Structures are given as C-alpha cells and as structure tokens.
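A.B. asks: Going line by line, the protein sequences match chains I, T, C and Q.
For the first sequence, the authors' numbering begins at 1 and goes up steadily by one.
For the second sequence, the authors' numbering begins at 96 and goes up steadily by one.
For the third sequence, the authors' numbering begins at 95 and goes up steadily by one.
For the fourth sequence, the authors' numbering begins at 42 and goes up steadily by one.
Cβ coordinates follow ideal geometry from the N, Cα and C atoms, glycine included.
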Amino acid sequence: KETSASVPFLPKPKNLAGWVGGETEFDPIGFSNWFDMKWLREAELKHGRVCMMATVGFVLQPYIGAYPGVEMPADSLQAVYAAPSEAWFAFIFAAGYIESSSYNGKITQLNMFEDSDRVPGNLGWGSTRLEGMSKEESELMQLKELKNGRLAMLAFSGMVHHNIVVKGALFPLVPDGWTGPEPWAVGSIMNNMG
Amino acid sequence: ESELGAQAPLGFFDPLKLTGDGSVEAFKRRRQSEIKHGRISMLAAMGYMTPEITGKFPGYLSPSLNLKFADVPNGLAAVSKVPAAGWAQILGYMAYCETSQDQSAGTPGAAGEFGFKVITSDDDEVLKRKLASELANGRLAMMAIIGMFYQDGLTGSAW
Amino acid sequence: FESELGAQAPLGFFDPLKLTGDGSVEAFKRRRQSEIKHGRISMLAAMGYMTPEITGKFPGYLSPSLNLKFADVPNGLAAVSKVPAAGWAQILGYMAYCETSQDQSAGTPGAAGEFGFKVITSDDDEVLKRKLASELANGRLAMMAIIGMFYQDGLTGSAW
Amino acid sequence: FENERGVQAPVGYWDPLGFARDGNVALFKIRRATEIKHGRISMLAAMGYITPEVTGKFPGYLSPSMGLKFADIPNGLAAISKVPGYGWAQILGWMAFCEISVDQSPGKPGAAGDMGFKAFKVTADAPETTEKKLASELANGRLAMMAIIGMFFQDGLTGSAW
Ligand code: CLA
Ligand code: CLA
Ligand SMILES: CC(=O)O[C@H]1CC(C)(C)C(=C=C/C(C)=C/C=C/C(C)=C/C=C/C=C(C)/C=C/C=C(C)/C=C/[C@@]23O[C@]2(C)C[C@@H](O)CC3(C)C)[C@](C)(O)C1
Ligand code: KC1
Ligand code: KC1
Ligand SMILES: CC1=C(C#C/C(C)=C/C=C/C(C)=C/C=C/C=C(C)/C=C/C=C(C)/C=C/[C@@]23O[C@]2(C)C[C@@H](O)CC3(C)C)C(C)(C)C[C@H](O)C1
C-alpha cells in the first residue's frame with residue numbers, strides 16, 4: 001500500500017497532504033496523528049526563524065563588536081555572561097511584545113489555531129510578497145524558508161556543541177594539536193564500572 | 096544557418112566545418128555556451144584590466160584573517176589568496192546565477208535571456224545590434240582572457 | 095479674490111506667487127485663518143517686546159520661590175532662557191487653551207478667527223468689515239515688525 | 042507601474058534591474074512605502090548635516106547635567122559617541138512612536154505614505170497639486186538618499202563632516 005516517499009519502509013503519514021514541505025512526507029514517529037498540524041507547522045517555522053537569526057548572530061557576534069562597553073566574546077556562548085542586564089531586559093521585553101501581539105493573546109497550543117483563518121507561521125511580516133506570485137512560486141518560497149530553517153536549526157545546534165567540545169570559538173575549528181575531544185567529565189553508570 | 100554571428104566581417108565562419116549537419120539544437124546549445132563564455136570572459140578581462148588602472152580599491156577582505164583588498168594580488172596569483180570563505184561566496188554567487196532560471200533547451204534561459212536586460216533595446220530593431228555586439232565582445236574577450244592567462248602563467252607577473 | 099478683506103488702498107491684491115494656482119477658496123480660507131492668528135500673535139509679541147522699554151518691567155517677582163523678578167529677566171530673545179521653565183510651560187498651556195477650547199476646523203467660526211472676543215466690535219456691518227480689515231493690516235505690520243525686532247535683538251547685543 | 046508617481050521627465054519608468062516588472066502590486070506598494078519613508082528620513086538627515094554648518098550648532102546644552110552645550114558636539118558620524126546615550130534613546134523613541142502610532146500594513150492609509158502628519162497643508166478638491174507635491178516629495182527623497190549616502194562617505198573618508 002501507500003508508503004512515505006522519504007522513508008520507503010514506513011507508512012505514508014496522513015495530515016501531511018496539503019502542506020509546503022509535505023511532499024517528502026517525513027514523519028516516522030508520527031506526531032502528525034497525535035497533534036494539530038497547524039501547531040506543528042507554526043512551531044517548525046518559529047524554530048527555523050529563531051535558529052536562522054541565531055546562526056547569523058552566532059557567526060557575526062565576534063565580528064560586529066557589541067554594545068559600547070561589553071566585550072562580545074569570540075566564543076558566542078559567553079556573550080550571555082557579557083551581556084548587560086538592561087540589554088537582556090530589553091531583549092526579553094521585545095520578544096514578549098512581538099510574540100504576544102502576534103497572536104492577540106491566543107498564544108497557546110489549545111487556543112492559537114482555534115479562531116479560524118490563522119495561517120500557520122503567517123505573522124503578517126511581508127506576507128504581501130506571497131500575496132502576488134503564482135501558487136507554485138509562493139509554495140517554492142515557503143519551502144525555501146522551511147529548508148533553510150531546518151538547516152539552521154541543525155547548524156546552530158552544531159555550533160553550540162562545537163563550542164562546547166572545543167571550549168573555544170566557533171571558527172578556529174580543530175585547533176592545533178587536537179588529537180580528538182577531551183573525554184567527557186562527570187560520572188555516569190559506566191563511570192563507576194557499570 | 097547564417098544568423099547572429101553571421102554579422103562578422105569574415106562571415107559565416109565555419110573552419111573545420113561543424114554545424115553543417117543540420118545540428119539546429121546543437122547550434123542553439125553552442126549559442127548558449129558562446130553567450131555564457133563571452134559574458135564570463137568579459138567579466139574576467141574587465142576584472143584583470145581594472146586592478147592596474149585605478150588599482151585595488153581600499154578596504155578590507157577577511158575580518159579574522161587580516162586580509163585586506165590591497166593584500167590580494169592580481170592574475171593567477173590571486174587564486175590562492177582569497178580565503179576559503181571568500182571563494183565559497185564567489186562560487187555560491189556563480190551557482191545562484193546559474194540555478195536562478197532554467198537553462199534547459201527551449202527556455203528563455205536557453206538563449207541567454209535571464210531578465211538582466213539593463214542595456215536592452217527599445218524594441219526598434221536595435222535588439223539584434225545589442226545581441227551581436229555582446230556576442231562579438233565576448234568572442235574577443237575569450238581569446239583576450241586566455242592570452243592574459245598564458246602571460247601570467249609564463250611571465251609570472253600579473254602582466 | 096479681490097473682495098475678501100485685505101486688498102487695502104496701498105497696492106491691490108498682493109500675490110506675486112500665491113493663490114494663482116486654482117483659487118481653491120478653502121485654501122485661501124485656511125491661509126486667512128493662519129494670517130489672522132499670526133497677526134494676533136505678532137501684535138501681542140510686538141507690544142510685549144516694546145512695552146518693557148516704554149514702561150518699566152512689571153513690579154513683582156514672577157518666581158518668588160526661585161527669587162527671580164520681572165526686573166532681572168532681560169527683555170527680548172534673552173528671556174527664553176531666563177523665564178522659568180514652568181513659566182514657559184504655563185504660557186504654552188494658556189496658548190493651548192486658546193487653541194483647543196473652541197474648534198478651529200474648516201467651516202467653523204474658529205476658521206475665520208471668530209472665537210468670541212467681542213470687545214473691539216460694533217453693529218454696523220460696514221464698520222465691522224472696516225475693523226476686521228484694520229485688524230488684518232495691523233497684524234501684517236506686526237508680523238514684519240516683530241520679525242525685524244527679533245533680528246535686531248539677535249544681530250545686535252540686546253533689544254534695540 | 043508606469044503611470045504611478047515617481048516616473049518623470051529625466052528618466053521614464055526606471056528599472057535597470059528586474060525589480061517589479063512582474064506585476065506584484067502588493068510588492069510595489071511595499072517598495073513605494075519603503076522609498077517614501079527612506080526619502081523622508083534621508084531628507085531629514087541631509088538637513089541635519091547641512092544646517093549645523095550653514096547656520097551653526099544649536100544655542101543650548103542638550104545635557105544640562107553633563108554640560109555638552111550642543112556646539113561641543115561635532116557634526117556627522119562623530120556625534121554618535123558625543124550625544125548622550127539617553128539622548129539617542131529618546132531620539133529612537135520618538136522615531137519608534139512615529140512608526141507605531143500609525144499602522145503601516147496592507148491596504149490601510151499608512152502604507153502609502155500618509156502617516157497622519159498633515160502639515161505641509163494641502164487642500165482637498167485640488168488634486169494635480171497634491172500630486173505635484175507628492176512627486177516632488179518622492180524626487181527630493183531620492184536625491185536626498187543618494188546625497189546622504191554620499192555625505193556619509195565624505196565624512197568617513199575625509200575623517201570629518203565635510
Ligand atoms: C503668516 C503669514 C501670512 C499668511 C498666511 C498670509 C495670508 C494671506 N495674505 Mg498676507 N501678509 C503677511 C503675512 C501673511 N499673509 C504679511 C507679513 C504682510 C505684510 C507684507 C502681508 C500682506 C498682505 C497683503 C497686502 C495682501 C495679503 C493677502 C493675503 C491672502 C491672499 C494671499 C495668499 O494666498 O498668501 C498666502 C500666504 C503666503 C504666501 C505667506 C507665505 C510666507 C512666505 C512663504 C515666507 C516669507 C518669509 C519672510 C519674508 C522672511 C522671514 C525671515 C526668513 C529669513 C526666515 C492670504 C489669506 C491679500 C489678501 O487680502 O487677499 C484677499 C493681500 O492683498 N497679505
Ligand atoms: C530604499 C530604496 C528605494 C526603494 C525601495 C525604491 C522603490 C521604487 N523606486 Mg526608486 N529610487 C531610489 C531609492 C529607492 N526606490 C533612489 C535613491 C533613487 C535615485 C537614484 C531612485 C530613483 C527612481 C526612479 C527614477 C524611479 C524609481 C522607481 C521606483 C519604483 C519601482 C520599483 C523598483 O524598482 O523599486 C525596487 C527598489 C529597489 C531595488 C531598491 C534596492 C536598492 C539596492 C538593491 C541597493 C543598492 C543601491 C545603491 C547603489 C547602494 C548605495 C549605497 C552603497 C554604496 C552601500 C519603486 C516604488 C520608478 C517608479 O517611480 O516607478 C513608478 C522610477 O521610475 N526610483
Ligand atoms: C611554469 C610556466 O610558466 O608554465 C605555465 C603554462 C601556462 C599554460 C602559461 C600556465 C597558465 C595559465 C593558464 C591558466 C592557462 C589555462 C589554460 C586553460 C584554461 C585551458 C583550458 C582549455 C579548455 C578547453 C580546450 C576546452 C575545450 C572544450 C572542447 C574542445 C569541446 C569540444 C566538443 O567536443 C565536444 C566536447 C562535443 C562536440 O560534439 C563539440 C565540441 C565543441 C567539438 C601555467 C599552468 O600557469 C604555467
Ligand atoms: C490662578 C491660577 C494660577 C496660579 C495660582 C498661578 C500661580 C503661580 N504661577 Mg502662574 N499663570 C497662570 C495662572 C496661575 N498661576 C496663568 C493663567 C498664566 C498665563 C499663562 C500664568 C503665567 C505664569 C508664569 C509665566 C509664571 C507663573 C508662575 C507661577 C508661580 C510661581 C511659583 C513659584 O516660583 O513660587 C505661581 C505660584 C511662575 C513660575 O515660575 O511657576 C513655577 C512663572 O514664571 N505663572
Ligand atoms: C516633553 C517631554 C520631554 C522632556 C521633559 C525632555 C527633557 C529632557 N530631554 Mg528630551 N526629548 C523629548 C521629550 C522631552 N525631553 C522629545 C520628544 C525628543 C525628540 C526625540 C527629545 C530629545 C532629546 C534629546 C536628543 C536629548 C534629550 C535630553 C533631555 C534632558 C536632559 C537631561 C539631562 O541631561 O539633565 C531633559 C531634561 C538630553 C539628555 O541629556 O538626555 C539625558 C538629550 O541628549 N531630549
Ligand atoms: C522574512 C522577511 C524578511 C526577512 C528576513 C530574514 C531575516 C531572512 C533571514 C534568513 C536567514 C538569516 C537565513 C539563515 C540561514 C542560516 C543557515 C542556513 C545556517 C547554516 C549553517 C550551516 C549549514 C552549518 C554551519 C557549520 O556551523 C556548523 C554546523 C559546524 C561548524 O564547525 C562548521 C560550519 C560553520 C560550516 C525581510 C525581507 C527582511 C522583510 C520581509 O517583509 C519579511
């Protein structure tokens with residue numbers, strides 16, 4: 001019978017039929033059957049957008065210096081420590097306002113896509129560009145956004161954990177005399193001879 | 096098939112014959128190849144001529160690497176000076192320009208029509224003049240660019 | 095547009111470049127509202143820029159808490175930084191009360207300077223028109239006079 | 042898009058690259074609003090460079106506590122550090138208030154340049170005089186945009202204002 005195009009050894013997941021990235025119909029675990037697809041798409045788009053902005057910030061932070069006074073550390077992980085308290089409060093306020101006015105308070109999984117025409121991931125920021133174009137082109141643009149979002153999510157995770165293993169900046173990859181990452185500290189069930 | 100390039104003072108230049116075997120879409124594909132090679136050769140020749148008259152324009156090239164615009168030399172030397180990221184961005188621009196429109200046979204991209212226009216006709220018969228001028232300039236620039244390549248390779252200097 | 099006030103015996107309908115576009119009676123009404131308002135403001139300004147010279151500065155303090163006096167605040171453009179900031183705020187507040195109490199939108203008495211002052215007036219419509227034209231002429235003269243007085247204060251060291 | 046404001050005598054419908062030219066009326070509305078707002082902010086910046094040189098810096102303090110006294114502050118890409126941080130915060134706050142008080146978005150009158158600021162008083166029932174003013178606003182905005190970028194570069198390269 002029907003099988004998923006991406007995973008040929010698994011059934012074709014439903015609820016992915018009419019969607020931007022649904023032609024590859026990749027959903028092995030099957031959160032499609034359990035959760036509202038509108039919420040899943042909104043979460044995927046938001047994660048991708050957040051991680052794309054996060055990736056360009058992580059890359060460009062040690063470059064574009066910082067606020068007059070704070071020392072943007074080469075390793076972007078310590079920028080949270082180097083950030084001023086006022087800057088953090090302004091960032092939190094801006095994020096709260098932006099993410100709470102976007103849904104008119106229906107900002108929860110039970111109430112967000114309950115009104116009617118809440119398009120998943122359409123916050124109205126330049127949606128007019130898609131208002132023109134021709135269906136297939138608009139869906140192609142949305143697919144470009146989705147693929148870049150997934151790529152940047154994985155990439156930002158990789159950047160963070162590279163800075164963790166190297167204990168340094170992102171760009172000087174594999175420093176001289178690397179010989180592999182240091183073995184992980186702290187105990188485990190196998191550390192006490194499990 | 097005597098069109099476009101037939102404007103040449105030589106004429107329908109067919110040494111070693113070629114395109115005599117009714118190769119109409121081979122002719123069109125060679126038109127695409129000639130247009131693309133001409134455009135890239137003209138870009139290259141301009142980017143070789145400009146860095147000597149009004150030389151390397153002041154600035155900076157690589158934040159962490161301390162590479163400036165004045166550090167990178169000209170000619171075939173400059174190949175191994177632009178950092179890996181810089182060459183990556185240049186080749187990515189190449190890839191985006193190539194993949195933006197469909198270049199398959201029959202498409203507007205199968206004749207050099209990518210919507211660049213800019214220096215375009217007013218639809219008053221000067222379209223053929225503009226196309227032929229671009230074709231001739233590219234044809235000349237191809238041999239010019241290969242000659243400059245050989246000069247840099249043998250002499251060693253950018254000239 | 096000759097018969098709508100102004101247009102006094104000196105010269106005629108003075109508009110070297112204005113009102114020649116299309117007439118646009120409502121644009122002329124807006125400009126007349128602005129002219130009457132500017133004329134009243136400039137008449138007050140000229141009177142209050144020449145009076146501290148004809149007559150001594152008011153007997154008092156104008157700021158008992160800050161120990162200022164009407165007599166130790168320099169007359170003219172030097173008074174903007176000397177009159178207390180709260181005093182300027184109150185002056186602007188009275189101006190805002192004048193400008194916001196009665197409506198000044200188009201097609202209203204406020205659009206022709208008709209707020210209800212009524213002190214200098216009459217009942218003979220011809221005399222009403224004569225007094226209105228006199229107000230407009232005095233206002234234009236006061237506009238030019240107060241601008242000249244401001245520039246005399248600025249270019250020179252003080253008033254006059 | 043050849044009948045809108047903009048297109049004029051020196052050059053016609055100017056489009057060397059491929060922007061617009063494919064319908065997309067909403068995209069053109071976005072680009073026109075962007076052009077108008079950029080021209081306005083530019084014109085303001087152009088004046089903010091020319092005036093402190095033609096007349097002179099303002100007669101005041103700008104910081105009675107810190108005593109910056111206006112005139113101490115230089116003019117252009119160097120006041121960014123001299124003007125107090127709270128002063129820049131207040132300037133950006135006024136700009137943000139100008140942005141958020143109106144509701145620039147599809148269809149509503151704030152998306153075509155009408156930001157409620159009804160100064161430069163132009164009357165109703167007299168078009169083709171409002172339109173001339175709007176076209177002049179567009180042209181002066183374009184000229185001022187190029188000019189202000191040139192002034193940025195002049196200050197940066199020459200190391201000081203002009
Ligand atoms: C606030 C200023 C102001 C305004 C709005 C008006 C408005 C008007 N005047 Mg008027 N006027 C003024 C000042 C003003 N006047 C002054 C000061 C004088 C004395 C010279 C006059 C003398 C005058 C006469 C003699 C007549 C009018 C008339 C009119 C009406 C028709 C003309 C018109 O459309 O002009 C519109 C308004 C203007 C064009 C004013 C523009 C001001 C320019 C742009 C700036 C000038 C700057 C200044 C010279 C230098 C200042 C210093 C500088 C370096 C910063 C109209 C209602 C005519 C009338 O009654 O029609 C029925 C008429 O016959 N006026
Ligand atoms: C923010 C800049 C901006 C924007 C969005 C627009 C938008 C528009 N212009 Mg416009 N214009 C501008 C600046 C801008 N203009 C400036 C500065 C000039 C003076 C040179 C003009 C001169 C002009 C003419 C003469 C005409 C237009 C027209 C148009 C419309 C046609 C659509 C179009 O091509 O726009 C797309 C907008 C863009 C592509 C802006 C992109 C900017 C590029 C990508 C960045 C680089 C520009 C510059 C070289 C960089 C300088 C700084 C650098 C050194 C760092 C549209 C509403 C036409 C019209 O009215 O149609 C009805 C028309 O005939 N414009
Ligand atoms: C130390 C020292 O001083 O020595 C110097 C030496 C030197 C040379 C000066 C140097 C240099 C400079 C350079 C960079 C020289 C470059 C030379 C190039 C790029 C040669 C590419 C040829 C590609 C061709 C012919 C593609 C051809 C494609 C063809 C023919 C297609 C052919 C078709 O048959 C195909 C494929 C299908 C047919 O149906 C149709 C046709 C068209 C016939 C050095 C290396 O730096 C050092
Ligand atoms: C009946 C209502 C009323 C009261 C009760 C009142 C009282 C005080 N006025 Mg005020 N006032 C008006 C109304 C009233 N004023 C009106 C209609 C105007 C016309 C615009 C006006 C004008 C000014 C100006 C120009 C100044 C001024 C001030 C003070 C002052 C000083 C306080 C202190 O210094 O002890 C006190 C107590 C001076 C100032 O500095 O206020 C801080 C000053 O400069 N006032
Ligand atoms: C009516 C409300 C209002 C008040 C009451 C007020 C008062 C003060 N303003 Mg402000 N202001 C606006 C509104 C008000 N300002 C508006 C709409 C703008 C347009 C963007 C604006 C602009 C600036 C700039 C550019 C600067 C500035 C500052 C100060 C300052 C000095 C404090 C100190 O130095 O003692 C004081 C007391 C300067 C500064 O020093 O801030 C620390 C500074 O640089 N302001
Ligand atoms: C939408 C919208 C707008 C917009 C917009 C915006 C902001 C669009 C932004 C798009 C953006 C910002 C997209 C970023 C992608 C980043 C990616 C894919 C990261 C790749 C990173 C990868 C693939 C991996 C990197 C590695 O690091 C890893 C993992 C390990 C390292 O050891 C090695 C390296 C470094 C190689 C307008 C136009 C402004 C207005 C309009 O109205 C509304």
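Can you list the residues of chain Q that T128(I) reaches, using a CB-CB cut of under 8 Å?
C.D. replies: Indexing the first sequence from 1 puts residue 128(I) at position 128. Result: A67, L68, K70, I71, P147.
A.B. asks: Could you tell me which chain I residues have their CB closer than 8 Å to the CB of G64(Q), listed as they occur along the chain?
C.D. replies: Here residue 64(Q) refers to the residue found at position 23 of the fourth sequence. Result: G132.
A.B. asks: From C139(Q) to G117(Q), what distance separates their C-alpha atoms?
C.D. replies: By 1-based counting over the fourth sequence, the position of residue 139(Q) is 98. By 1-based counting over the fourth sequence, the position of residue 117(Q) is 76. The alpha-carbon atoms of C139(Q) and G117(Q) are separated by roughly 23 Å.
A.B. asks: Can you look up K159(Q) in the DSSP assignment and give me helix, strand or coil?
C.D. replies: The sequence position of residue 159(Q) within the fourth sequence is 118, counting from 1. In the structure shown, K159(Q) sits in coil (DSSP, three-state: anything other than H, G, I, E or B).
A.B. asks: Is the shortest distance between the beta-carbon of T96(Q) and the beta-carbons of chain C less than 8 Å?
C.D. replies: Position 55 of the fourth sequence, counted from the first residue, corresponds to residue 96(Q). Output row for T96(Q): interface = no.
A.B. asks: Roughly how many angstroms lie between the CA atoms of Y102(Q) and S177(Q), to the nearest whole one?
C.D. replies: Position 61 of the fourth sequence, counted from the first residue, corresponds to residue 102(Q). Position 136 of the fourth sequence, counted from the first residue, corresponds to residue 177(Q). If I take the Cα positions, the gap works out to 35 Å.
A.B. asks: Put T3(I) into one of helix, strand or coil per three-state DSSP.
C.D. replies: Numbered from 1 along the first sequence, position 3 holds the residue referred to as residue 3(I). In the structure shown, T3(I) sits in a strand (DSSP, three-state: E or B).
A.B. asks: Going by the CB atoms, is the gap between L156(C) and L162(C) shorter than 8 Å?
C.D. replies: For this step, residue 162(C) is matched to residue 68 along the third sequence. For this step, residue 156(C) is matched to residue 62 along the third sequence. Yes. Within cutoff.
A.B. asks: Would you identify the three-state DSSP class for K106(I), choosing helix, strand or coil?
C.D. replies: Position 106 of the first sequence, counted from the first residue, corresponds to residue 106(I). Note: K106(I) maps to coil in three-state DSSP.
A.B. asks: Can you give me the C-alpha to C-alpha distance between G187(I) and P175(I), rounded to a whole angstrom?
C.D. replies: Taking the first sequence and counting its residues from 1, one reaches residue 187(I) at position 187. Taking the first sequence and counting its residues from 1, one reaches residue 175(I) at position 175. Computed Cα separation, rounded: 27 Å.
A.B. asks: Tell me which residues pass a beta-carbon proximity test against ligand 5: closer than 5 Å to any heavy atom, given in chain order.
C.D. replies: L103(Q), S104(Q), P105(Q), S106(Q), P125(Q), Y127(Q), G128(Q), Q131(Q), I132(Q), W135(Q)
A.B. asks: What are the boundary residues of the alpha helix (DSSP H) that includes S136(T)?
C.D. replies: Along the second sequence, read from residue 1 onward, the residue named residue 136(T) stands at position 41. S136(T) -> alpha helix (DSSP H) spans 119-144.
A.B. asks: Can you name the residues of chain Q whose CB is closer than 8 Å to the CB of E120(C)?
C.D. replies: Taking the first residue of the third sequence as position 1, residue 120(C) is located at position 26. Chain Q residues near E120(C): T164, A165, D166.
A.B. asks: Tell me the DSSP secondary structure of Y155(T) in three-state form.
C.D. replies: Position 60 of the second sequence, counting from 1, holds the residue named residue 155(T). In this structure, DSSP gives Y155(T) an extended state, which the three-state scheme calls strand.
A.B. asks: Under 9 Å between beta-carbons, which chain Q residues line up against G124(I)? List them in chain order, please.
C.D. replies: Within the first sequence, the letter at position 124 stands for residue 124(I). Under a criterion of Cβ atoms nearer than 9 Å, the residues of chain Q adjacent to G124(I) are, in order, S146, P147.
A.B. asks: For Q127(C), count the other beta carbons within 10 Å of its own beta carbon; 16 or more makes it buried, fewer makes it exposed. Which is it?
C.D. replies: By one-based count along the third sequence, residue 127(C) stands at place 33. By the 10 Å Cβ count, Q127(C) comes out buried.
A.B. asks: Just list the alpha helix (DSSP H) runs in the stretch 49-122 of chain Q, keeping only unbroken ones of 4 residues or longer that don't cross its boundaries, in chain order.
C.D. replies: 66-95
A.B. asks: Exposed or buried, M187(Q), counting other C-beta atoms within 10 Å across all chains shown (16 or more means buried)?
C.D. replies: For the purposes of this step, residue 187(Q) is taken as residue 146 along the fourth sequence, with counting starting at 1. By the 10 Å Cβ count, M187(Q) comes out exposed.
A.B. asks: Using a threshold of 8 Å, state whether the C-beta atoms of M53(I) and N148(I) are closer than that.
C.D. replies: By one-based count along the first sequence, residue 53(I) stands at place 53. By one-based count along the first sequence, residue 148(I) stands at place 148. No. Outside cutoff.
A.B. asks: Taking its Cβ as the centre, do 16 or more other Cβ atoms sit within 10 Å of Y90(Q), making it buried, or is it exposed?
C.D. replies: On the fourth sequence, position 49 is the one that residue 90(Q) refers to. Counting Cβ neighbours within 10 Å, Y90(Q) comes out buried, since at least 16 surround it.
A.B. asks: Using a Cβ-Cβ cut-off of 8 Å, state whether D247(C) counts as contacting chain Q.
C.D. replies: To locate residue 247(C), count along the third sequence from 1; it is residue 153. Taking Cβ atoms only, chain Q never reaches closer than 8 Å to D247(C), which makes this a no.
A.B. asks: Cα separation between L105(T) and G142(T)?
C.D. replies: Your numbering for residue 105(T) matches position 10 in the second sequence. Your numbering for residue 142(T) matches position 47 in the second sequence. One C-alpha to the other measures close to 29 Å.
A.B. asks: Just by C-beta distance, which residues in the stretch 123-134 of chain C are closer than 7 Å to chain Q?
C.D. replies: Within the stretch 123-134 of chain C, the qualifying residues are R124.
A.B. asks: How would you call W34(I), buried or exposed, if buried means at least 16 neighbouring beta carbons within 10 angstroms?
C.D. replies: Translated into positions along the first sequence, residue 34(I) becomes position 34. Classification of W34(I): exposed, given that the 10 Å Cβ count is below 16.
A.B. asks: Measure the C-alpha to C-alpha separation of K149(Q) and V143(Q) and round it to an integer number of angstroms.
C.D. replies: Locating residue 149(Q) in the fourth sequence gives position 108, where the first residue counts as 1. Locating residue 143(Q) in the fourth sequence gives position 102, where the first residue counts as 1. Roughly 10 Å between the two C-alpha positions.
A.B. asks: In chain order, which alpha helix (DSSP H) runs of at least 4 residues are fully inside the stretch 148-229 of chain C?
C.D. replies: 179-194
A.B. asks: Confirm, please, whether the CB-CB distance from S32(I) to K12(I) is below 8 Å.
C.D. replies: Within the first sequence, numbered from 1, the residue matching residue 12(I) stands at position 12. Within the first sequence, numbered from 1, the residue matching residue 32(I) stands at position 32. Cβ distance not < 8 Å, so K12(I) and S32(I) don't count as in contact.
A.B. asks: Which of the three DSSP states, helix, strand or coil, is assigned to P11(I)?
C.D. replies: Translated into the one-based positions of the first sequence, residue 11(I) becomes position 11. Assignment of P11(I) by DSSP, reduced to helix, strand and coil, places it in the strand class.
A.B. asks: Have a look at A185(Q) and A87(Q) and give me their C-alpha separation to the nearest angstrom.
C.D. replies: Position 144 of the fourth sequence, counting from 1, holds the residue named residue 185(Q). Position 46 of the fourth sequence, counting from 1, holds the residue named residue 87(Q). Between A185(Q) and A87(Q), the C-alpha separation is close to 6 Å.
A.B. asks: Quick check on the burial criterion: 16 or more other C-beta atoms within 10 angstroms. Buried or exposed for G100(T)?
C.D. replies: Counted from its first residue, the second sequence places residue 100(T) at position 5. Answer is buried; the Cβ neighbour count reaches 16.
A.B. asks: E147(C): which of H132(C), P158(C), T215(C), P168(C) sits nearest, CA to CA?
C.D. replies: Here residue 147(C) corresponds to residue number 53 of the third sequence, with the count starting at 1. Checked all of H132(C), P158(C), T215(C), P168(C); the closest Cα to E147(C) is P168(C).
A.B. asks: With a cut-off of 8 Å, does the C-beta of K212(T) fall near any C-beta of chain Q?
C.D. replies: Counted from its first residue, the second sequence places residue 212(T) at position 117. Closer than 8 Å to some Cβ of chain Q, the Cβ of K212(T) qualifies, so yes.
A.B. asks: Could you check where the alpha helix (DSSP H) with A185(Q) kicks off and where it finishes?
C.D. replies: Looking up residue 185(Q) in the fourth sequence gives position 144. From DSSP, the alpha helix (DSSP H) with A185(Q) extends over 171-199.
A.B. asks: Please classify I114(Q): is it buried, with 16 or more other beta-carbons within 10 angstroms of its beta-carbon, or exposed?
C.D. replies: Locating residue 114(Q) in the fourth sequence gives position 73, where the first residue counts as 1. Buried.
A.B. asks: Less than 7 Å separating the Cβ of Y188(C) from some heavy atom of ligand 4?
C.D. replies: Here residue 188(C) refers to the residue found at position 94 when the third sequence is read from its first residue. Yes - ligand 4 has a heavy atom lying nearer than 7 Å to the Cβ of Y188(C).
A.B. asks: With DSSP collapsed to three states, give me the class of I64(I).
C.D. replies: Mapped onto the first sequence, residue 64(I) falls at position 64. Three-state result, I64(I): coil.
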